[PDB]
Structures are given as structure tokens and as C-alpha cells.
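A quick write-up on the structure given underneath.
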Amino acid sequence: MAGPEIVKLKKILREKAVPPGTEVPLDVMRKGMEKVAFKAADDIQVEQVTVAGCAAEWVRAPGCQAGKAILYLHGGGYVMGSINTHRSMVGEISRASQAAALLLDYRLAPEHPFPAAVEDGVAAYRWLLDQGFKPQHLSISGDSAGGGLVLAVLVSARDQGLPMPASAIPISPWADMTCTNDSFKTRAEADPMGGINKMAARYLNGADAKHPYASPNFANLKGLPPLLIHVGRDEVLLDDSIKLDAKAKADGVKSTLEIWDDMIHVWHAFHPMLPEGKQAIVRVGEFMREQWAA
């Protein structure tokens, strides 16, 4: 039974959606995402750094433990999103997990197609290791495209001999560039948030959409550290997450999948107005904390 904040938030999102099959130019979506982005809580401090040739910020809520870090990989379909767009949500993930996040401005398509984003994530993780963070004091998390990227970064790191961090948390992961899953049809009407194919097209630029590093639902996941996967019941990507879970489990990975009833794509990001957003983020940070104490 839907809380009143989600019902209202859904109505607002349908109210301001661009009608299906309007072609919005890239630079227009990019700017829209920036201008609507939530301001981080005033107790979030930030520090600008350069990491593997990318802009980044250390994002530190109050209560951050020395020695702990999150590599955070933002969504935006591999084509948009930035530090600015995700600073707020990431501030709250830092609060809940009592760890600073490294929020990476990785290379975006179409200017930098696949595998540029995977290269940046692996180099950023390598960077954290070089700075002296122990793999057992590290976590990787990301939303949407960023959540698939979490998985791609792990796989690529694993293949290159890097140690696995203590946990990974994909949020609403887009882990299948082919976009063929049942839930693109079964969940379409419930999801107020095609356009996603155009992003796959821009990211791939010719590459096999079943490349394990583009679509980690087709990767070998053996060796990956324990996963929390968040996904909403009312989202077209439900299937990416159910399938990623069963893959991980097949492959010997400790997976925990939570499907949140009534929730939409990255409902986390609506935390200031959605109780379930605040709730899901508290859960993400609890899980990073559990995994770091085990």
C-alpha cells in the first residue's frame, strides 16, 4: 500500500515528463539534469580532487570514519550526470555509512564511448588502493548506468588482478545494454521515469552490447565481493536486478536483492521528499557497515 509521498512524487514526475517519443537533444537533457539537481545538505563538506585524470570530490557527511571510502559511480545513462547531480544523495550515503565517498566525474559518451567509463572507474579504484586505503576498508556503489558500472568496474578489476573491496551496492543497476528484459513491457506503465536505447547506442558506439564490461549481466561474476542490489518494484529495470542477482548467486557471489514495493528508478535520489528514499539510503550504509565489521 503506497505511502502518500510516492503517490504525489509519481504525479509530479508524470506532470513534468516530456511526452513519449519527443526527441530531446543531449545537451538539453544534460542541462536539465544539472538545473533540477538537489543541493547537498549543509553539513556535507566537500573537497575537489583529481583522480585518474577526472575531476572528483571527496564527499564527507558528519561521522566519517578514518580509513574508510566509497568509490561512487553516478547515473545518467553513460551520457549525462555529474558530481553536481549526485552530490546530495551521495552526501546521505556518506552519512548513513560513516564513510567518505569519492564521487567520480568519469568520461561520458558520446564524446568518450565505452570503455572509457570502465577505464575511469578501475583507475579510480586503483587510485584509492595507491592512496593506501585497504581493500577491506573500501566499498563501490552507483546508481542506474552507474550501478552497472559498479559491476563492470569489479569484473575488469578482478581480471586485472586488483583485490576486491569489502562490498558493492548497485542501485537500480542498468546491467544489460540490449534492453530486452520482460520488465520493459510488464513494468512500463507503473514507471513514471525509446530514450534508453539511444543511450545504449551512444555508449556502445558499435561495440557488442553483450560485452561483459558494458553489460555485466553477461559477465563472469565469480570472485566478486558481497552485493546489496536495490531496485524498485515499479521500474522497467526490475529484470536487470532480478537477473543480476541469480547470475551472482550462480557464480558463488553473496548476493542480497531487495525489491522495494511501489518504488521507482533510484528512488534514493528523492530522499528529501520520499521517506523510502531516506530509508533505502540508511539501508545501503548499514550494509556497507555490516560488511566492513565482518
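To be explicit about the labels: the chains of the C-alpha cells are called A, B, and onward in the order shown, and within each one the residues are counted from 1, while ligands get numbers from 1 in the order they are shown.
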
Where does DSSP see strand (DSSP E or B) in range 103-251 of chain A, if you list the residues as a ChimeraX atom specification? /A:103-104,138-143,167-171,227-232

Go through A:60, A:156, A:256, A:294 and flag the residue nearest residue 118 in chain A, using only C-alpha atoms for the distances.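 The answer is A:156, which sits nearest to residue 118 in chain A.
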
Restricting the calculation to only C-alpha atoms: of A:129, A:137, A:159, A:236, which residue gets closest to residue 181 in chain A?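 That would be A:236, the residue with the smallest distance to residue 181 in chain A.
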
Using only C-alpha atoms, which residues sit within 8 Å of range 161-173 of chain A once same-chain residues fewer than 6 positions away are excluded, as an MDAnalysis selection string? chainID A and resid 126 135:148 150:151 154 223:232 237:238 240:241 265:266 284 288 291:292

Could you please write out, as a ChimeraX atom specification, every residue of range 25-207 of chain A that DSSP assigns to helix (DSSP H, G or I)? /A:26-35,83-97,116-131,135-137,145-159,183-186,195-204

At a cut-off of 6 Å, using only C-alpha atoms, what residues contact range 28-44 of chain A? Leave out same-chain residues fewer than 4 positions from it and give the result as JSON, numbers by chain. {"A": [60, 61, 80, 85, 87, 88, 91]}

Save the residues we just selected, N, CA, C and O atoms, as a short mmCIF file (atom, residue, chain, number, x, y, z; two decimals), in the first residue's frame?
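Now in selection.cif:
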```
data_model
loop_
_atom_site.label_atom_id
_atom_site.label_comp_id
_atom_site.auth_asym_id
_atom_site.auth_seq_id
_atom_site.Cartn_x
_atom_site.Cartn_y
_atom_site.Cartn_z
N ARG A 60 32.05 14.22 2.27
CA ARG A 60 32.10 13.78 3.68
C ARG A 60 30.99 14.37 4.51
O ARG A 60 30.99 15.56 4.84
N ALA A 61 30.03 13.51 4.85
CA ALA A 61 28.99 13.80 5.82
C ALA A 61 29.67 13.89 7.21
O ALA A 61 30.84 13.63 7.30
N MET A 80 25.16 11.49 -19.36
CA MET A 80 24.95 12.72 -18.60
C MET A 80 25.15 12.41 -17.09
O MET A 80 25.65 11.31 -16.72
N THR A 85 25.10 16.58 -10.00
CA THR A 85 23.80 15.93 -9.93
C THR A 85 23.67 14.96 -8.79
O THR A 85 22.59 14.75 -8.30
N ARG A 87 25.73 14.78 -5.83
CA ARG A 87 26.33 15.25 -4.53
C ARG A 87 25.43 15.05 -3.32
O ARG A 87 25.89 14.55 -2.31
N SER A 88 24.14 15.36 -3.47
CA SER A 88 23.17 15.26 -2.39
C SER A 88 22.93 13.83 -1.85
O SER A 88 23.00 13.56 -0.62
N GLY A 91 25.98 12.47 -0.42
CA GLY A 91 26.15 13.01 0.92
C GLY A 91 25.41 12.15 1.92
O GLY A 91 25.98 11.74 2.91
#
```

Shell around residue 89 in chain A at 8 Å using only C-alpha atoms, local window under 6 positions removed, as a ChimeraX atom specification: /A:40,268-269,271

Generate the output file for the selected residues, C-alpha atoms, as a JSON list (two decimals), in the first residue's frame.
```
[["chain", "number", "residue", "atom", "x", "y", "z"],
["A", 40, "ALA", "CA", 23.58, 18.64, -0.74],
["A", 268, "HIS", "CA", 17.02, 7.13, -3.22],
["A", 269, "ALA", "CA", 17.60, 10.43, -5.07],
["A", 271, "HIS", "CA", 15.23, 11.31, -0.25]]
```

Nearest-residue call for residue 211 in chain A, choices A:198, A:114, A:252, A:186, using only C-alpha atoms: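 Ranked by minimum distance to residue 211 in chain A, first place goes to A:114.
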
Would you please work out which residue, of A:215, A:48, A:65, A:205, is nearest to residue 289 in chain A when using only C-alpha atoms? A:65

Within 10 Å of residue 153 in chain A, counting only C-alpha atoms, which residues qualify if same-chain residues fewer than 6 places away don't, as an MDAnalysis selection string? chainID A and resid 73 117:125 140 146:147 159 213:214 216

Can you write out the residues you just picked, keeping N, CA and C atoms, as a JSON list (two decimals), in the first residue's frame?
```json
[["chain", "number", "residue", "atom", "x", "y", "z"],
["A", 73, "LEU", "N", 29.82, 5.76, -8.24],
["A", 73, "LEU", "CA", 29.68, 5.90, -9.72],
["A", 73, "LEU", "C", 28.26, 6.34, -10.06],
["A", 117, "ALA", "N", 34.33, 4.87, -19.56],
["A", 117, "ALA", "CA", 33.81, 4.92, -18.17],
["A", 117, "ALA", "C", 34.38, 3.77, -17.30],
["A", 118, "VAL", "N", 34.50, 2.59, -17.87],
["A", 118, "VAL", "CA", 35.03, 1.44, -17.13],
["A", 118, "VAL", "C", 36.51, 1.71, -16.80],
["A", 119, "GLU", "N", 37.28, 2.16, -17.80],
["A", 119, "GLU", "CA", 38.66, 2.60, -17.56],
["A", 119, "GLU", "C", 38.77, 3.61, -16.41],
["A", 120, "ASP", "N", 37.94, 4.64, -16.43],
["A", 120, "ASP", "CA", 38.00, 5.61, -15.32],
["A", 120, "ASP", "C", 37.68, 4.99, -13.91],
["A", 121, "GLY", "N", 36.65, 4.15, -13.85],
["A", 121, "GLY", "CA", 36.29, 3.50, -12.56],
["A", 121, "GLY", "C", 37.39, 2.59, -11.99],
["A", 122, "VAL", "N", 37.97, 1.77, -12.85],
["A", 122, "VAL", "CA", 39.07, 0.91, -12.46],
["A", 122, "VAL", "C", 40.27, 1.78, -12.05],
["A", 123, "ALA", "N", 40.63, 2.81, -12.81],
["A", 123, "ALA", "CA", 41.74, 3.65, -12.43],
["A", 123, "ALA", "C", 41.43, 4.39, -11.11],
["A", 124, "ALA", "N", 40.17, 4.75, -10.87],
["A", 124, "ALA", "CA", 39.84, 5.43, -9.61],
["A", 124, "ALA", "C", 39.99, 4.52, -8.40],
["A", 125, "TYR", "N", 39.56, 3.25, -8.57],
["A", 125, "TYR", "CA", 39.74, 2.23, -7.57],
["A", 125, "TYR", "C", 41.25, 1.98, -7.36],
["A", 140, "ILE", "N", 32.15, -0.02, -3.22],
["A", 140, "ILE", "CA", 31.85, 0.61, -4.50],
["A", 140, "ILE", "C", 30.32, 0.64, -4.64],
["A", 146, "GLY", "N", 25.38, 3.90, -13.55],
["A", 146, "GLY", "CA", 26.46, 3.86, -12.55],
["A", 146, "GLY", "C", 26.42, 2.51, -11.83],
["A", 147, "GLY", "N", 25.25, 1.94, -11.67],
["A", 147, "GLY", "CA", 25.16, 0.68, -10.93],
["A", 147, "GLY", "C", 25.69, -0.53, -11.71],
["A", 159, "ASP", "N", 39.79, -9.17, -13.31],
["A", 159, "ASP", "CA", 40.58, -9.65, -14.46],
["A", 159, "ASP", "C", 41.97, -9.04, -14.48],
["A", 213, "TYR", "N", 31.86, -6.03, -19.88],
["A", 213, "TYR", "CA", 32.14, -4.77, -19.22],
["A", 213, "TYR", "C", 31.06, -3.68, -19.53],
["A", 214, "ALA", "N", 30.30, -3.81, -20.63],
["A", 214, "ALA", "CA", 29.13, -2.97, -20.94],
["A", 214, "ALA", "C", 27.91, -3.51, -20.28],
["A", 216, "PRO", "N", 27.20, -6.19, -17.57],
["A", 216, "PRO", "CA", 27.68, -7.15, -16.62],
["A", 216, "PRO", "C", 26.71, -8.27, -16.25]]
```

Residue nearest residue 293 in chain A - candidates A:97, A:45, A:82, A:50, atoms counted: only C-alpha atoms: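 The answer is A:97, which sits nearest to residue 293 in chain A.
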
Please, which residues in range 243-280 of chain A fall within 12 Å of range 12-21 of chain A when counting only C-alpha atoms, and what is the closest atom pair and distance in Å to one decimal for each, ordered by chain then residue number, as JSON lines?
```
{"residue": "A:264", "atom": "CA", "partner": "A:13", "partner_atom": "CA", "distance": 10.5}
{"residue": "A:265", "atom": "CA", "partner": "A:13", "partner_atom": "CA", "distance": 11.6}
{"residue": "A:267", "atom": "CA", "partner": "A:13", "partner_atom": "CA", "distance": 11.8}
{"residue": "A:270", "atom": "CA", "partner": "A:13", "partner_atom": "CA", "distance": 11.2}
{"residue": "A:273", "atom": "CA", "partner": "A:12", "partner_atom": "CA", "distance": 11.8}
```

Just to be explicit: take each residue in the selection above, keep C-alpha atoms, and write the result as a PDB file, in the first residue's frame.
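What landed in again.pdb:
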```
ATOM      1  CA  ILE A 264      10.709   3.954  -8.779  1.00  0.00           C
ATOM      2  CA  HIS A 265      14.172   4.106 -10.511  1.00  0.00           C
ATOM      3  CA  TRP A 267      14.036   6.410  -5.535  1.00  0.00           C
ATOM      4  CA  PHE A 270      14.288  11.715  -3.885  1.00  0.00           C
ATOM      5  CA  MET A 273      10.703  14.286  -0.023  1.00  0.00           C
TER       6      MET A 273
END
```

State, in Å with one decimal place, the distance from CA of residue 261 in chain A to CA of residue 276 in chain A.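 Between CA of residue 261 in chain A and CA of residue 276 in chain A the gap is 9.9 Å.
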
Separation of CA of residue 177 in chain A from CA of residue 204 in chain A in Å: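 These atoms are spaced 8.4 Å apart.
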
What's the separation between CA of residue 105 in chain A and CA of residue 220 in chain A, in Å to one decimal place?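 Between CA of residue 105 in chain A and CA of residue 220 in chain A the gap is 26.7 Å.
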